[PDB]
Amino acid sequence: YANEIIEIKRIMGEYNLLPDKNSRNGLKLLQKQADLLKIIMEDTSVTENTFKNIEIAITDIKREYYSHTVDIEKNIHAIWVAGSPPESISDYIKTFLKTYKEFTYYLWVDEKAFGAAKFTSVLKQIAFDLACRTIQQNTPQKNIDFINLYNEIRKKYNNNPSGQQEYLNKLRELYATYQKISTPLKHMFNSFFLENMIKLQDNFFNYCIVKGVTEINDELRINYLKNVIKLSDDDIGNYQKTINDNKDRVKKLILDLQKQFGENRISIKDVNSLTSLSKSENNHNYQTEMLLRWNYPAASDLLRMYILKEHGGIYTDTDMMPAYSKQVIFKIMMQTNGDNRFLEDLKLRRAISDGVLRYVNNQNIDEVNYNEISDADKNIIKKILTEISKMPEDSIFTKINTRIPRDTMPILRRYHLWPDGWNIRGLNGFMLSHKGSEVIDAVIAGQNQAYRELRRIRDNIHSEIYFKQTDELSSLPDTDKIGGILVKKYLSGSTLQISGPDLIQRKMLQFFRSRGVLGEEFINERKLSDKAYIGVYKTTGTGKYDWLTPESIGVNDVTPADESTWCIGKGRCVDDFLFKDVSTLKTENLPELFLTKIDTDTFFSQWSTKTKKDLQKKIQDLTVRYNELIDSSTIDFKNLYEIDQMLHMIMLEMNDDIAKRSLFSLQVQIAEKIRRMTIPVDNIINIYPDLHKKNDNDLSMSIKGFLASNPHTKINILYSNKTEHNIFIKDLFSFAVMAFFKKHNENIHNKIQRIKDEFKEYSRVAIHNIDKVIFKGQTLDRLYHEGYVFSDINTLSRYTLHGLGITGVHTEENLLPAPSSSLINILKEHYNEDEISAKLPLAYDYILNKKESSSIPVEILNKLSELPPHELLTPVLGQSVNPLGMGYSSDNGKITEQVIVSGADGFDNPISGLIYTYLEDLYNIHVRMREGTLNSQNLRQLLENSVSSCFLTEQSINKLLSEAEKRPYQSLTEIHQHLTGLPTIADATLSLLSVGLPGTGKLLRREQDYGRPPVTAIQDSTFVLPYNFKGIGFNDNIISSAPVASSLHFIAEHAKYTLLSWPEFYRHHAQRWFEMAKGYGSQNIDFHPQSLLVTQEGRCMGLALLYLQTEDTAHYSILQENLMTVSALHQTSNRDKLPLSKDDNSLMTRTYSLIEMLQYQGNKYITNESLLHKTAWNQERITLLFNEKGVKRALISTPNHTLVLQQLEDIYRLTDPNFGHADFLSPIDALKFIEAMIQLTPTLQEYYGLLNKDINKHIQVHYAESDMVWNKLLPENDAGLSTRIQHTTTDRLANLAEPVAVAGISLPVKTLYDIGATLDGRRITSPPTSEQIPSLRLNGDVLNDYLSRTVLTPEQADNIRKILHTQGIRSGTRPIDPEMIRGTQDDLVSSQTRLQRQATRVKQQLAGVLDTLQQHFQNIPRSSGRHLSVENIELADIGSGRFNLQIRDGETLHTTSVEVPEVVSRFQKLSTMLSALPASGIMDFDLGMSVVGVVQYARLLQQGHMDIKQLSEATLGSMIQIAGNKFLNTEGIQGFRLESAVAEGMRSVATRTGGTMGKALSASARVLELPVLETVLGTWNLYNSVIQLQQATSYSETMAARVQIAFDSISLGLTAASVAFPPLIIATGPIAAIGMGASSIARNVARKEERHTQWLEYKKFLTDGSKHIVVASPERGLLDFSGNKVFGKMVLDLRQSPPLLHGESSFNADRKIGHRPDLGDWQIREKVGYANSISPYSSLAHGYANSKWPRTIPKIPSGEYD
């Protein structure tokens, strides 16, 4: 305890040397003394004598503390409420003036707010009308009678202006009617009313900003009302009449009082003469209180705090009398023979007080209100009054104690005898304090926070309308209850309180708790003690309290004019209401509520002629760009900057006011859009600890909490070794001026190593040294070299490390994930809201660690242990920030830098570049200041060409120079503070942004003074501070508004599909999906399968929500095209491992971040029953929802997948993200198709998690009560995914019409990009300049992919070879043999295309086969080493593809069970085709090509000649050989080779069906017969030697590359060398095969077989004819229609840029009904009647009489065709 002992000695020494101990410093020193004494007490080894000594010292300190008291000022303050009749005021004022002789009475009057009641009434009318309109137009399933009656009575008034009371009475009856409305409608009414009122207040404050006002008065309010509505002269006359009435009333009252009591005894004080009214921290909450209040006859709750803080003394309510003197109460009790009933019940007390007040003011005693009082009580009260009147006037009342402890506000305590018992609570109607009291500041801060939290319903864009919180008297201002109270007050005209006595008591309790040991006497059982009040009464050992000799003297509050009499006795005033018709609302002047596009026809309607002719043309140049910016689902900051700058210039260049207001409205719309469009946050947290504390338990707890909150969150622990060395050196220099080195290095390394090895098993925890990622020339590295030690080095390190691409959350504190709503609910079963915060550390300790605390019940611990940790903590995932890219924590409404939240990777980050440049500028100023070479001129040069020059004012330059002279060495934060005058860099971010965003940035800065949140402040906080567990958000409470947990779909450790084998799932089911959809009545089926997500973790929730967002067909098409583009990009990046251009990578990252965020949000919403309704699968119920309840969107949830049902226009579209979509005419058809699809197919059923399960209880439908819930839940910033078509680099480069000269040959830029032209290590995105051509390099992987995907012409191949030879492969990528680059003629392009397609299909199939084999081998217990050595490839079943394998693992393990029909079925088809083809001439070119490629791959494997992966691949090759041997070797010849038999079969096929197809077959067979080409063998060996070993990819990609090499070897045989200068013109067309027509099939159909088999043959012919209608090769400008057989009357129009294809498809026909494409399978069945209506769908003839070949007319890709 040496350090703390030194602390107590030092603090006592400081206290003794105090000239005036009666001050705040002395109290703080005594508090420190008491706290340190308690710390000493806390030690375990303390003797009893030490206990006594500590207790005695503490008691002496407390006695010294409470001896510091202050005498309050001799001021009595009262607030005059507008409309108060002076008759009921002057009596109480006279009584208080008489009792308190040495006091001055001040009546606080606000002359500028005499008419505010009518203004707020008009605003309330507008808000309620808007709420009613929104409710009515949003719910079209039914009409609401309450709204109709409301509108009817308002229309009735619109005829009768004189009958105000009639309208109020009708409104009361209408509230009686309204009480019967449904609960969801009531909640929506409350929310909409409160939100609209807040928005209207925001609009008024924006009007104040644009008018540049400094004070708010009645004229400004009248002008604003004229601005928003049509104000006739009668309304202005009424407003002036009430203003003048209030003026006359207050003047008469004050004059009559001054005549009697003098001039200096009582006076009038102006409310506007208060500094708190204009304070920026108060956010003009005084003006907001005028609107959001429901206790109108009472005085303001903030005004009394302001008055007490700035003046001190006594604040008293008007309706209060001083407490009776001792003699008075003694007479009362002994004229009632000891009946206490005359001092406790309210009626008799009120009568006695009435009589006393009447007597003191020389009035008639007999006129006392004796109603609801028994006659005997009346007579005894009369006797009491007669006795009292005998007393002298100087002994009726007694004064109060004006000596109070320093920094305290005594609060009147009230005793009321209720039928249930005694009601005791504090009142803010009478308070005491001295000027400058600290508790008043605490209460003011609490009131400001209360208003901040009340505005959360409007400020939070993602705020949920439907949330029925239980009544718990929470500190949070529950918006639903407040809205309900406001609605009731608005309708009826007559608990909760944001800034009332409850908040005051809570704030004082918190203040006294923060005082420490000296405040323990003010706290009684975590509640304010009796010492904090006045008027407290001690009980005489009974239920009643001894009124005689009160502990403190209070005040008489039971009076004839108190709260309980003006509800009915005083009728509702008529000068606090002004009827107004809202139909004349000027919606163009209300940007907060209505989003209005600029319409050139009506925009300049009220403008002057001069301003119109000056600037209407200039404005009209903005309309298209401005509307595009407003309607966009993304933000392009270039357009925003341009539009904002030119709007600001136009506003500056104007002299009109209406035009200025319209342009200001445009700016306000821009600001609101910026507020609404938040962007996601990366699931990363970066913690910057200080390696100087001696507890890592906080850091370990933080890391454990973030690990447990989510299984995908990455945690980075960042430290700087150079900074530690610099701190060590500075400490050494300080020690010397006033073995260590190795010891310090060892200690730092030991701390770092302990942190590293605590989380060694978690790969998500990475401990990084900052002096490894920063560059050499960056500012941070220079600071490290200079020995920068200032405390802000960690903040600059955070900014720099974010600037280097490290995204996520950057903080220095040991943050913890915020508790979820489930944990708070669990804790709420035993604790209330003020104990939960204290119990949270123990709950966290039990959840993360396993520590059990004796201070928490075991039931709570058992409940906590039953839930997963990620259900109790909130992860970083799902968070969002402002589109400016930077977000900051807040503290009492001021942004701090404890937490920095920095956007998502791939999104625009405007603030980051500004911060980087600003840090450069600060470093330059710092280095000039170090050497003393800084003057005004050098400073101007330093800040020139920098946005930071906006801070260069004369006074700022002078301050910078003065500080440079005073102290040449200062921190960058100090330099920034001197230059800007702002506390933190986060404050300077908006000032820097306002340089490029004038007007909008200025407006966003200005709105902070009016309660609006800072644009860079985060509102919802998913973190809490470790030491007190409070949130870091702006307007959030982590206890009363904890977020809901998100459902995490746990997936198997093995996935059925990888990215390579994923398309197999779509290929196996696309045909069945289309057939079922068409047979259930779908008329438009589109296929857009997704390849973004190959695992079912998340259940495709992100894509489902993305599709759910769209409400239009056009937006749906845009989003579908964008998603297809992103899927292609993801396949290129991840499956093929190819580099992407910067823009493509940014687009992919943006899409993936949005998808992850949306998936988290959707899995959160589906489990929250208060947000989205959830019902089990029932077709009737869903049909009723979509037809009767007005549901337009729904989510169909299976255990593993999510589907979407929509109501786009007049159709119902069902979207399966893996299969595109199909739309129907009625919901019932869609539901039937959903059920049939998910239930009939076994593989799809198993994949979707519905195998062997009742689908009626495992399919849930999630919908919303109203449609606006989706608008509230789904983000508005879509990154343009649903509003504009995103273009890849290829699409942009295709538009350039100029060629690039490389190697003496000119080729387009798109082709140069396609072959992988990389410039300085990045793929080119623009045409390189002539000097950059020599530096161009070709990416080998990209070139290989391009060659495998493209069919070149011989000249194109020559050009590619020349470019390759003259430029070369970029180092580290795949080398390309120039002999492999060849081209083919026109007639063989279709064959090459089909061969490449077959290569892709075979690769995708063999990937899954290999994965199955690998899993099969992995389920075998293998000992140390790799002895699997499978030694048999016997196959048992042919129809199923069963193989029996002998395993020579050495322990006699044997598992002969594998299912591989992919290999066997292909050879079976080849064999049956080879054998039966002489009779049936129909052949399959693709099947033959696939077989040739497969056998070539097997041969190349065999020439190869030992872990699980390669053993499984060799097993697959052996199985291929075995299947070929079984299905092609009819006789068991030992000397049989598969290649020769395959080649001979295809040679026979080729020679028997001629044409170009036979030529291609013969070429492939010839390739098979000859030995493997030397180039092919070289490529294979080089790959298997270096390329496979160097890369870290898995084995499936290697096997796919080997298959691709084999298929390329096959493709090489179809190429032809280029011929130069052909002497003669030759023929270049394909040659037809023998038997093109349908007579060939009819030749074998005539054989007497089953008729349905003959139809199957005909259908096979039709399908083959329609499969290849067109083969397009836009790269070589070739269109191929040779494969068209069943598309008649073809018309090709090449005039359009994408060629237009028209024609007639072949169709089915029926004898009776003909061809009916418009009917489904069931409708056709009913039409022709070939079965029963209850027959299963499998028993019908699918596609009968409604089929077409092809299904849809093929679309030709855009290109240049010749």
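Position 1 is the first residue of the sequence; numbering continues from there.
- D110 has no carboxylate O lying under 4.0 Å from a charged side-chain N of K112, or vice versa, which leaves the two without a salt bridge.
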Audit row: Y65, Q31, side-chain contact (heavy atoms from CB on, under 4.5 Å) steps and yes/no: CA-CA 9 Å; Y65 200 88; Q31 285 167 208; 2.5 Å; yes
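- Using a 4.0 Å cut-off between charged side-chain N and carboxylate O, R63 and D60 make a salt bridge.
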What do the steps show when you test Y1010 against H284 for ring-ring contact (aromatic ring centres under 6.0 Å, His included), and what is the final call? CA-CA 6 Å; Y1010 292 96; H284 295 82; 4.6 Å; yes
Test side-chain hydrogen bond (donor to acceptor under 3.5 Å, both in side chains) on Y415 and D557; report intermediate values, then the result. CA-CA 10 Å; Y415 294 91; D557 76 277; over 6 Å; no
Would you please test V250 and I268 for side-chain contact (heavy atoms from CB on, under 4.5 Å) and show each step? CA-CA 9 Å; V250 68; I268 275 190; 3.7 Å; yes
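- Classified by interplanar angle (parallel below 30°, tilted 30° to 60°, perpendicular above 60°), the ring pair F114/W80 is perpendicular.
- Taking the side-chain hydrogen bond (donor to acceptor under 3.5 Å, both in side chains) definition, one finds that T318 meets it with nothing, sequence neighbours left out.
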Could you walk me through whether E833 and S475 pass the side-chain hydrogen bond (donor to acceptor under 3.5 Å, both in side chains) check? CA-CA 8 Å; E833 270 107 342; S475 64; over 6 Å; no
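- Of the residues listed (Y106, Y306, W108), the one engaging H311 in a ring-ring contact (aromatic ring centres under 6.0 Å, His included) is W108, and it is the only one.
- A donor-acceptor pair shorter than 3.5 Å can be found between the side chains of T275 and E310.
- For the 3.5 Å distance criterion, the side chains of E551 and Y545 fail to qualify, holding no donor opposite an acceptor.
- Among all heavy-atom pairs drawn from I534 and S552, the shortest one is CA-CB, 3.8 Å.
- Remark: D530 engages no residue in a side-chain hydrogen bond (donor to acceptor under 3.5 Å, both in side chains) (not counting sequence neighbours).
- Here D562 pairs with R350, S564 under the side-chain hydrogen bond (donor to acceptor under 3.5 Å, both in side chains) rule; sequence neighbours left out.
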side-chain hydrogen bond (donor to acceptor under 3.5 Å, both in side chains) between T59 and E55, worked out: CA-CA 6 Å; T59 304; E55 192 273 337; 2.9 Å; yes
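- Across all their heavy atoms, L518 and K62 have their closest contact at CD1-CG, 3.6 Å.
- Listed by chain and number, the residues in a side-chain contact (heavy atoms from CB on, under 4.5 Å) with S837 are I1039 (sequence neighbours excluded).
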Apply side-chain hydrogen bond (donor to acceptor under 3.5 Å, both in side chains) to the pair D834 and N832, showing each step before the final yes or no. CA-CA 6 Å; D834 36 358; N832 34 255; 2.5 Å; yes
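- The two residues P501 and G426 have their closest heavy-atom pair at CB-O, 3.7 Å.
- Between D546 and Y537, the closest heavy-atom pair is O-CD2, 3.4 Å.
- Residues passing the side-chain hydrogen bond (donor to acceptor under 3.5 Å, both in side chains) test with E73: none are found, sequence neighbours excluded.
- Salt bridge present: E102 and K399 bring a charged side-chain N and a carboxylate O closer than 4.0 Å.
- Of all the heavy atoms in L528 and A532, the pair that sits closest is CD2-CB, 4.1 Å.
- Note on residues 260-280: pairs passing salt bridge (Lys or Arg N to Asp or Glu O under 4.0 Å), not counting sequence neighbours, are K279-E281.
- The heavy-atom pair separating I504 from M305 by the smallest distance is CD1-CE, 3.6 Å.
- Distance check: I254 CD1 to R249 CZ gives 15.5 Å after rounding to the nearest 0.5 Å.
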